[PDB]
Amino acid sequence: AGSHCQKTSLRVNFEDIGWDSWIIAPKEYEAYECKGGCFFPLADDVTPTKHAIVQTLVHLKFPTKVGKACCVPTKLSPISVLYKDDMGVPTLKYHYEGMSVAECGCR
């Protein structure tokens, strides 16, 4: 094998990130994260874009002058949050988009 950009656990506490004046509930959620490398040889269990492949090759050849491809979320999922509105009313946002990692990849 070789490199392994993959989804791993990341639990986030809203108070810790300064959002608790606005997000009442939940207190914490599973955001996940993408970690691991993008270097050859790759996983036959993912697909980078051609640009990521190109950049990976150039980085191997000229490491000081172009950076690596980066392991990032390529698809995200919503969560539900209970938030204080402007009239100060607790309101359910049923699908708060872009909150949790669904898929990771090299980009």
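Superpose the two forms; the largest set of C-alphas matching within 1.5 Å is the rigid core. The numbering used is simple: start at 1 and walk along the sequence shown.
Taken in 5 other deposited structures of this protein and fitted on the core, 51 to 59 and 38 to 46 differ in how far their Cα atoms move from the shown form, and the one that moves more is 38 to 46. When 87 to 95 is weighed against 20 to 28, 87 to 95 comes out higher, by mean CA B-factor as recorded in the entry. In this entry, 38 to 46 has the higher mean Cα B-factor, the comparison being between 53 to 61 and 38 to 46.
Ranked by Cα temperature factor within the chain, residue 3 sits in the highest third according to the deposited record.
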